[PDB]
4 protein chains.
Amino acid sequence: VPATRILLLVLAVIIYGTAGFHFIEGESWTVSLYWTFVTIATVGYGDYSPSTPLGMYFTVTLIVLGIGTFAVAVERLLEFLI
Amino acid sequence: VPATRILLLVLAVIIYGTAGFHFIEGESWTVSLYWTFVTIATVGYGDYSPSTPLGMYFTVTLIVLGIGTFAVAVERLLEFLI
Amino acid sequence: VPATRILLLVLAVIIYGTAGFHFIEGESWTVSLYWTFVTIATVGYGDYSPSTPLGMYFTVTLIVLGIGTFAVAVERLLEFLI
Amino acid sequence: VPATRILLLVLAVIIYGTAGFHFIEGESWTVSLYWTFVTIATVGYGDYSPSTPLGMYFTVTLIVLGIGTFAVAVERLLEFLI
Ligand SMILES: [K+]
Ligand SMILES: [K+]
Ligand SMILES: [K+]
Ligand SMILES: [K+]
Ligand SMILES: [K+]
């Protein structure tokens, strides 16, 4: 995949994760963006996590769609900076 | 490995993780499925974690069997969507 | 690397992590073995974590030596089971 | 990339992460170095995490710049020890 296409794909993931956590779990937009990165990078501090069943379902969907996408995006960013 | 075989393998992992956490640590089926994904993806929020020795042993077995399986499944899903 | 050599290397990592957490942070052998796997797999629940400076130093040493070793061992175990 | 260049790159990441967490979130230098490794290795215990908006932004920047760099450094260290 061209590197710019990978960029758009992870941006789409980040939008999905952020808006979903905001609306489902009710955290601010900023906290939700932070949580989305912490989740798809697999860091997982746990300072924020879903506490509702819908949130848990949604979080599984973000884990499945987002972790591989982020990993490829990181791998590509590595090339254009090193 | 054919992609559909990898799908079945991770589904088997998800069943093992979920039923085990449910019966050993006593959390609901839904929470247990959520915990299983959060564990084999290596996110690890810690909102749920085993608190019994059997649970800790079981969790090590899920980590060894499940993290590589999930990683391959993600890598394959990437191909059939990008 | 031959797969059996990788097995011995991760076992050595697991012994190092477990005895170190036990003696430095004072948790039981079982909890310490559990923490060692949760750490080198990068799950990181945080139900257990070092609270002393020596423990924090030691944990960095386990992260550097152990995460790559575990990742290779998982990758190999995948081959001999799939 | 030559292995010594990768070493310098991850050291630069570690300096960036440590000084940033120290000054933005106010934790000691030692705790901040520990947190930086726990973050870029994707362990993410959550015993320490940013609680300010600037800290959350900064942490996203460390996740994007640091996780791939650490992963390559681990992969290389593996070669020069096995
Ligand atoms: K983690
Ligand atoms: K974690
Ligand atoms: K990899
Ligand atoms: K992780
Ligand atoms: K955690």
Side-chain angles (χ1 to χ4, degrees), chain A residues 41-44 67-68 71 74, chain B residues 9-10 13 17 36-44 46 49-50 56-75, chain C residues 1-22 29-50 58-82, chain D residues 10 37-45 66-82:
Chain A
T42 75
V43 175
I67 287 166
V74 159
Chain B
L9 290 160
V10 73
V13 164
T36 291
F37 274 99
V38 163
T39 295
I40 67 177
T42 75
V43 175
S49 56
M56 287 180 180
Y57 167 72
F58 160 78
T59 291
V60 167
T61 80
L62 179 63
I63 286 173
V64 170
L65 297 171
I67 287 166
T69 302
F70 192 73
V72 181
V74 159
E75 178 197 66
Chain C
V1 192
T4 304
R5 184 182 182 198
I6 299 300
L7 170 59
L8 303 184
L9 290 160
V10 73
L11 296 176
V13 164
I14 286 157
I15 292 168
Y16 172 79
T18 299
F21 200 69
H22 170 72
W29 290 102
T30 297
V31 161
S32 292
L33 177 58
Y34 161 75
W35 171 86
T36 291
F37 274 99
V38 163
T39 295
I40 67 177
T42 75
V43 175
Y45 295 125
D47 48 354
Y48 300 92
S49 56
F58 160 78
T59 291
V60 167
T61 80
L62 179 63
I63 286 173
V64 170
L65 297 171
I67 287 166
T69 302
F70 192 73
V72 181
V74 159
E75 178 197 66
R76 292 302 259 112
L77 183 52
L78 268 171
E79 314 212 284
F80 284 21
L81 310 185
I82 319 174
Chain D
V10 73
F37 274 99
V38 163
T39 295
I40 67 177
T42 75
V43 175
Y45 295 125
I67 287 166
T69 302
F70 192 73
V72 181
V74 159
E75 178 197 66
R76 292 302 259 112
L77 183 52
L78 268 171
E79 314 212 284
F80 284 21
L81 310 185
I82 319 174

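So you know, we letter chains A, B, ... as the sequences are listed, proteins then strands, and number each from 1.
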Nearest heavy-atom contact between C/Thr18 and C/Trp29 is CG2-O, 3.7 Å
Rounded to the nearest 0.5 Å, the CD1 atom of C/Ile63 sits from the CD1 atom of C/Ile40 at a distance of 11.0 Å
| Any side-chain heavy-atom pair of C/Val1 and C/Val72 under 4.5 Å | no
Item to complete: Compare all side-chain heavy atoms of C/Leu77 with those of C/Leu81 and state whether any distance is below 4.5 angstrom.
Response: yes
Rounded to the nearest 0.5 angstrom, the CD1-OG1 distance for C/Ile14 and C/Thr69 is 10.0 Å
dist C/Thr36:OG1 -> C/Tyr16:OH (nearest 0.5 Å) comes out at 10.5 Å
Here the pair of heavy atoms bringing B/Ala41 nearest to A/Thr42 is O-CG2, 3.6 Å
Minimal heavy-atom distance between C/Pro2 and C/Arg76, with the atoms involved, is C-NH2, 4.3 Å
Nearest heavy-atom contact between C/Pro50 and C/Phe21 is N-CE1, 3.9 Å
Within a 6.0 Å radius of atom OH on B/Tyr57, are there more than 12 heavy atoms belonging to other residues, nucleotides or ligands? no
Distance col, row B/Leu9:CG vs B/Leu65:CG, nearest 0.5 angstrom, shows 11.0 Å
Residues at least two apart in sequence or cross-chain that pass side chain to side chain donor-acceptor pair (under 3.5 Å) with C/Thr59, listed by chain then number, are none
Exercise for the section: Determine the interplanar angle of the B/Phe37 and B/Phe70 rings, folded into 0 to 90°, and report it as parallel if under 30°, tilted if 30 to 60°, perpendicular if over 60°. Expected result: perpendicular
Exercise for the section: Please determine, by modelled atom types, if C/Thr39 and D/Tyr45 share a side-chain donor-acceptor pair under 3.5 angstrom. Expected result: yes
On a heavy-atom basis, the closest approach of C/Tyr34 and B/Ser49 is OH-CB, 4.0 Å
Requested in this report: Decide side chain to side chain contact (heavy atoms under 4.5 Å, CB included) for D/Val10 and D/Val74; before the verdict, give the C-alpha distance in whole Å, the side-chain angles of both, and the deciding distance to 0.1 Å.
Outcome: CA-CA 10 Å; D/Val10 73; D/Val74 159; over 6 Å; no
